[PDB]
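The chains referred to below are lettered A, B, ... by the order of the sequence lines, with proteins before strands, and numbering in each begins at 1. Both ligands and their constituent atoms are indexed starting at 1 by order of listing.
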Amino acid sequence: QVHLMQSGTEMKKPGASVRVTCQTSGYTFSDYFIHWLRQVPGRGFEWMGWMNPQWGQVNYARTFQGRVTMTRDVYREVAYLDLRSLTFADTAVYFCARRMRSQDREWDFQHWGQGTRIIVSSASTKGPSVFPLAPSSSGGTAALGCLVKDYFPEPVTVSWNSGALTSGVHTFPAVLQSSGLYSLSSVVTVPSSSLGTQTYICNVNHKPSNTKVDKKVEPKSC
Amino acid sequence: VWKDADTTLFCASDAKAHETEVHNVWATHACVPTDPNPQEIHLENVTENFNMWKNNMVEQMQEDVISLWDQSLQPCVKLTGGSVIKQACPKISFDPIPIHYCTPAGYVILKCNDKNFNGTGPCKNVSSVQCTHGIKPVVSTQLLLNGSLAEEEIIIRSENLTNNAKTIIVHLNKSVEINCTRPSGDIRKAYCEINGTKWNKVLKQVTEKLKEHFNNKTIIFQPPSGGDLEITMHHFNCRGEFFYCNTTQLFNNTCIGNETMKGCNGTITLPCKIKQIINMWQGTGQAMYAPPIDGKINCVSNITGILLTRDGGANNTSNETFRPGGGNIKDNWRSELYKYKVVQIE
Amino acid sequence: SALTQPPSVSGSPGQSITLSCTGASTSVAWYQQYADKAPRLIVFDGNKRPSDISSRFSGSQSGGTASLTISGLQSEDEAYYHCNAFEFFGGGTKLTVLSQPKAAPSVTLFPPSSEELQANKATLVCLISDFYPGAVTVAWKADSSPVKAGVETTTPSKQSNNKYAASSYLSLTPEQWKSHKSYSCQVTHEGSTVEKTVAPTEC
Ligand SMILES: *[C@@H]1O[C@H](CO)[C@@H](O)[C@H](O)[C@H]1NC(C)=O
Ligand SMILES: *[C@@H]1O[C@H](CO)[C@@H](O)[C@H](O)[C@H]1NC(C)=O
Ligand SMILES: *[C@@H]1O[C@H](CO)[C@@H](O)[C@H](O)[C@H]1NC(C)=O
Ligand SMILES: *[C@@H]1O[C@H](CO)[C@@H](O)[C@H](O)[C@H]1NC(C)=O
Ligand SMILES: *[C@@H]1O[C@H](CO)[C@@H](O)[C@H](O)[C@H]1NC(C)=O
Ligand SMILES: *[C@@H]1O[C@H](CO)[C@@H](O)[C@H](O)[C@H]1NC(C)=O
Ligand SMILES: *[C@@H]1O[C@H](CO)[C@@H](O)[C@H](O)[C@H]1NC(C)=O
Ligand SMILES: *[C@@H]1O[C@H](CO)[C@@H](O)[C@H](O)[C@H]1NC(C)=O
Ligand SMILES: *[C@@H]1O[C@H](CO)[C@@H](O)[C@H](O)[C@H]1NC(C)=O
Ligand SMILES: *[C@@H]1O[C@H](CO)[C@@H](O)[C@H](O)[C@H]1NC(C)=O
Ligand SMILES: [Cl-]
């Protein structure tokens, strides 16, 4: 079996360069081109170039010409992709890929690495500001939550009542703003009759800044 | 009645059994004598399909040339994997000679004789032969040397021009000479002279041929984008020494724009280096040879073809960009074996 | 987007469906991709199937028009599908497989908390929950007027209850917030618009 095994997630600042590694195994490395492609999650692939490991010949997309290089180590059987002058426009998942055996078709990609996340942002490590989304009481149910604001990098983790409260809970994907920082919200759906006698606290952890916040969410007197 | 088949070929040659030059040695015990009175006859009212890009004769010639170099080019050191192999490494006599590829009984070779044939598809004027013409096994990159010449027009060969992972072989009408010398300081510095006048004229008529195949887009040349020195440079062997020549001045768009421009005519000097540590084309590894001999080391050669690779992706142009080199060494044989294919008689 | 594929397509469990890819300059290959996962080749050379791929998948192509048909649909077929011809890829098609009935979104719009405002920052938060299928558009409105700037909205994410949820935010300064008469959040799901609104006068 053929395996393409890529290096981990890189968080880089604008103007910097990154290198992604793609360790090959399961076949004779010199006999196949290695291509590189990138993709914004939820979107289409963009081909970057191919690299022939024999003598290291390369064919780069006009788009990346002058900013990219694709090299290899023929003995260790590894392909590298280097990209410089990074921009927010280069935030994406990067894959190496290899064609099907034999075909003579060069563009049927049977083999892919698992993908490498490259995140380009100028922000420095920051803990979140946490803010209550207070509810108002219906003879039924209310929604309350926490806004976990301007933090970096991912991830934060949220719980309610130290984990005792799970049902009706949803913690959302983070959406990184044009400022460079992330934000998300956790929400919980609870009976309207609880309010005023049941304490709801969101627990937030952000390891990369060693920030821990516990915020009780009360209803507004309004 | 006959049919495409593949079989083990033999080779035929005029190698001197007394000589010490390494090609003569290999051929002497590996080939047989040429047929003095070789018969070939036209196949009246016959049309055959050829495919130079899928032609086992090419794989067979490759296996011989690999076998020749292994038997003949003994490095002082060979590096592969974590193994270090050290032998005896004396200076040899090196000048390629023509080898013929011939079919055994039951089979025969078909030859396409259409002056404009491009390597794939139907061929009208066909004949049959026992052996190919004599092919010098010249190992080079970027430029094809001492090959045969396209018959009528310059001819663009690719398995698929639209596929950027497929090599383009430009087959020249007329040949341009390159004069490489390592003068009789720095024992590895050398240079290649080329009539700048004739090369641009030719190169320009190449761009026009490519315009034909790429819908008159602007055709641009650039140096290679990267790789080992064996590909970023015109790489070849001369007198047993390994040459590396910078072809940047050969792909100099200034003079191709047809602009009546100064020094476009006149001699073009490519700087070259002779290396002792080389990355092998045959197999995966490095080979280290002893420093160059002394005296005036001079190989004058014919440029007869050019290998190109086309830049992929992007477009939104306007133009198409080509860089020298492509493929692999098998492409050099392919460019000489293009008009042949083996069939079996029944 | 060199090749053309619809961005979204939906089908029902048990039936066939055909995804399309137009604009190809050669015979196409097709890939299935789950979110945050690597692609896997499902057909090559326009209509060839790799030995290990389910026979439910089949390719057909004429000239530049390529098509991928999946029969006997299953929830497990929910993924992105891509096609390439040479180095050119389509935009990807997200196939949905309708595994349950239409649920309409509950919506809650929160005003900036007492705490945030007390920090010269203000954010309106629009939480959208329990909808199916998982697709919504959100439009904010200041009074009776549309709002472009300050808006950031997440993509539907699955819930524990196998329904979907989404969120949208509106970054304002207090001055902006405490100024206008009432900001609105309009959520559209299945051609239906549920609305919620808030005014600085509170409940
Ligand atoms: C060569 O000729 C064949 C037959 O006409 C044609 O199909 C093919 O496209 C040509 N190839 C090139 C590279 O011009
Ligand atoms: C066809 O083939 C023969 C091979 O010797 C060649 O000499 C001849 O000129 C060709 N015929 C025509 C009419 O071109
Ligand atoms: C080199 O080219 C000339 C014509 O320019 C030709 O006559 C000669 O035979 C060629 N030499 C070789 C080695 O083929
Ligand atoms: C081939 O070379 C000759 C002489 O330069 C010329 O007549 C003919 O046009 C050339 N064909 C090309 C440039 O395709
Ligand atoms: C090759 O180049 C050098 C320098 O011009 C010269 O000494 C030598 O005679 C040349 N040979 C030919 C055949 O032009
Ligand atoms: C090179 O060839 C061109 C074209 O015939 C000629 O004008 C020029 O004088 C030649 N150079 C030399 C020094 O032979
Ligand atoms: C290229 O230009 C030539 C004239 O130089 C013209 O005859 C031909 O139609 C053009 N080809 C294409 C495909 O643009
Ligand atoms: C070849 O020549 C050009 C001009 O000197 C130079 O830019 C290039 O670096 C040289 N060699 C290579 C392969 O880089
Ligand atoms: C090409 O031909 C000439 C004359 O036979 C020879 O001296 C030269 O070494 C050859 N070139 C190569 C690269 O073998
Ligand atoms: C070669 O290129 C052509 C472009 O017209 C493409 O349509 C064709 O499918 C390719 N050849 C094959 C059989 O893959
Ligand atoms: Cl309380």
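Ionic pairing of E241(B) and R188(B) is not present here: no N-O contact between side-chain nitrogen and carboxylate oxygen is shorter than 4.0 angstrom. Salt-bridge formation is detected for the pair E212(B)/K209(B): a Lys NZ or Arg NE/NH1/NH2 atom is positioned less than 4.0 Å from an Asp or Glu carboxylate oxygen.
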Given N298(B) and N179(B), is the side chain to side chain donor-acceptor pair (under 3.5 Å) satisfied, shown in steps? CA-CA 7 Å; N298(B) 172 232; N179(B) 191 5; 2.9 Å; yes
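With hydrogens and angles disregarded, a donor-acceptor distance shorter than 3.5 Å links the side chain of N200(B) to the backbone of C264(B).
For atom 7 (O) of ligand 7, the protein comes within 4.0 Å by no heavy atom at all. Distance screen at 4.0 Å: atom 4 (C) of ligand 7 has no protein heavy-atom neighbour inside the cut-off.
Atoms of ligand 9 lying under 4.0 Å from at least one heavy atom of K136(B), given by number and element, are 2 (O), 5 (O). Distances below 4.0 Å separate heavy atoms of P96(B) from the following atoms of ligand 9: 14 (O). Each of the following atoms of ligand 9 lies closer than 4.0 Å to a heavy atom of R239(B): 7 (O). Atoms of ligand 9 found under 4.0 Å from any heavy atom of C299(B), numbered from 1 in the order shown, are 9 (O).
Residue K174(B) places its NZ atom among 12 or fewer non-hydrogen atoms of other residues, nucleotides or ligands, all under 6.0 Å distant. Counting non-hydrogen atoms of other residues, nucleotides and ligands closer than 6.0 Å to CG of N216(B) gives a total above 12.
Nearest heavy atoms, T247(B) versus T232(B): OG1-O, 4.4 Å.
An N or O contact shorter than 3.5 Å is missing between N237(B) and ligand 9 by distance.
Contacts between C238(B) and ligand 9, counted as non-hydrogen atom pairs separated by less than 4.0 Å, are absent for every part of the residue. Only the backbone of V300(B) comes within 4.0 Å of ligand 9, counting heavy atoms alone; no side-chain atom from C-beta on gets that close.
Neither side chain, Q54(A) nor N328(B), offers a donor N or O lying under 3.5 Å from an acceptor on the other.
The protein heavy-atom contact nearest to atom 2 (O) of ligand 7 is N216(B) ND2, 2.4 Å. Closest to atom 1 (C) of ligand 9 among all protein heavy atoms lies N146(B) ND2, 1.4 Å. Shortest contact from atom 13 (C) of ligand 7 to any protein heavy atom: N215(B) CA, 3.7 Å.
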